[PDB]
Amino acid sequence: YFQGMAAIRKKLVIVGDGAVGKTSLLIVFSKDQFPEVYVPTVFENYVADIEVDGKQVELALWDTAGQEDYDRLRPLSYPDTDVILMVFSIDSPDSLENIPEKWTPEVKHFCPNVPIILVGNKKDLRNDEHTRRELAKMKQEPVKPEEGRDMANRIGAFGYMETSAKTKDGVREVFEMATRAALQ
Ligand SMILES: Nc1nc2c(ncn2[C@@H]2O[C@H](COP(=O)(O)OP(=O)(O)O)[C@@H](O)[C@H]2O)c(=O)[nH]1
Ligand SMILES: [Mg+2]
């Protein structure tokens, strides 16, 4: 008896350092295409249809960025948010350090009781030889899975998930978990 069931409307906001793949993740989820050439700064106004656990959900995808108008305006995205995707890049230890230093304080300031899914994107670079050589110059290496899980535990995230927007692996699962968190 599923036809004629009213949809549940939820709002998702995605935040994180520039270039970690926030917009690419939204486009892969929304359009099943990894944007290869002309990716905008933000992917705005989209509302995704997603069914999880027999509930039909309309999930508004709010993209954010970090420069000029986007930085001063970003706090305007937070009202009435039902779930947060907080993204770092596995090829960027610095983007992980900003999770506790910047993103968690900001999100806890504007969205105090909203569930946070911590997302490690670009997991395809974990074994990319060029990535390893560039990070090795800095005595660094790609973020390890246990390092992401540990950060998720520290910030009290609803969960930790790893993605490659590029291969699309894990992307669907992130938004499904985020929809469940939103239904709380
Ligand atoms: N290898 C790889 N590159 C990615 C991935 N996700 C995004 N990118 C690239 O990372 C850069 C930033 O992407 P964008 O989606 O613009 O990041 P945003 O600034 O967080 O919105 C672009 O060059 C994307 O093609 C991923 O999973 N793997
Ligand atoms: Mg973007």
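Any read-out appearing in this document is the output of simple, stated calculations on the displayed coordinates, not a laboratory observation. Quick reminder, even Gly has a Cβ in these numbers, built from the backbone with ideal geometry, and neighbours come from all protein chains shown.
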### Summary
Which of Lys11/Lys122; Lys55/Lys123; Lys144/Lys168 exceed 26 Å between C-alpha atoms? The answer is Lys55/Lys123
### Task
Working from Cα positions, state the angle (0 to 90°, nearest 10) between the long axis of helix 145-154 and the longest principal axis of the chain.
60
### Message
Using Cα-Cα distances under 8 Å and only pairs 6 or more residues apart, what relative contact order does the chain have, in percent?
### Response
25
### Query
Gaussian network model of the chain, Cα springs within a sub-10 Å range: biggest mean-square fluctuation belongs to which of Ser77, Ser95, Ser164?
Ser77
### Summary
Taking alpha-carbon centroids only, segment 114-135 lies from segment 147-181 a number of Å equal to 12
### Query
Just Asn45, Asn153, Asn121 to compare: in a GNM of the chain, with alpha carbon springs under 10 Å, which one fluctuates most?
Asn45
### Query
What ranking of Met151, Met86 emerges when the number of other C-beta atoms within 10 Å of each C-beta is taken as an exposure proxy, fewest first?
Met151, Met86
#### Entry: Antiparallel DSSP beta bridges within the chain, percent to nearest 5
20
### Query
Can you give the alpha-carbon Rg of the chain over 2.2 N^0.38 Å, where N counts its residues?
1.02
### Summary
Counting only DSSP loop positions in segment 1-52, the chymotrypsin sites (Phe, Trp or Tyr not before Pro) whose Cβ has at most 14 other Cβ atoms within 10 Å are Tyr1, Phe2, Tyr38
### Query
In segment 1-76, which GluC sites (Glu not before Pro) fall in coil by DSSP and have 10 or fewer other Cβ atoms within 10 Å?
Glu36
### Summary
Percent relative contact order for segment 70-158, counting Cα pairs under 8 Å at least six residues apart, stands at 36
### Query
Counting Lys +1, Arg +1, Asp -1, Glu -1, what net charge surrounds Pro145 among other residues with beta carbon under 11 Å of its beta carbon?
0
### Query
How many nm is it between the label spots at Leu73 and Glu36, if each spot is 7 Å from the Cα in line with the beta carbon?
3.0
### Query
Could you state the number of Å between the C-alpha centres of segment 62-98 and segment 3-57?
14
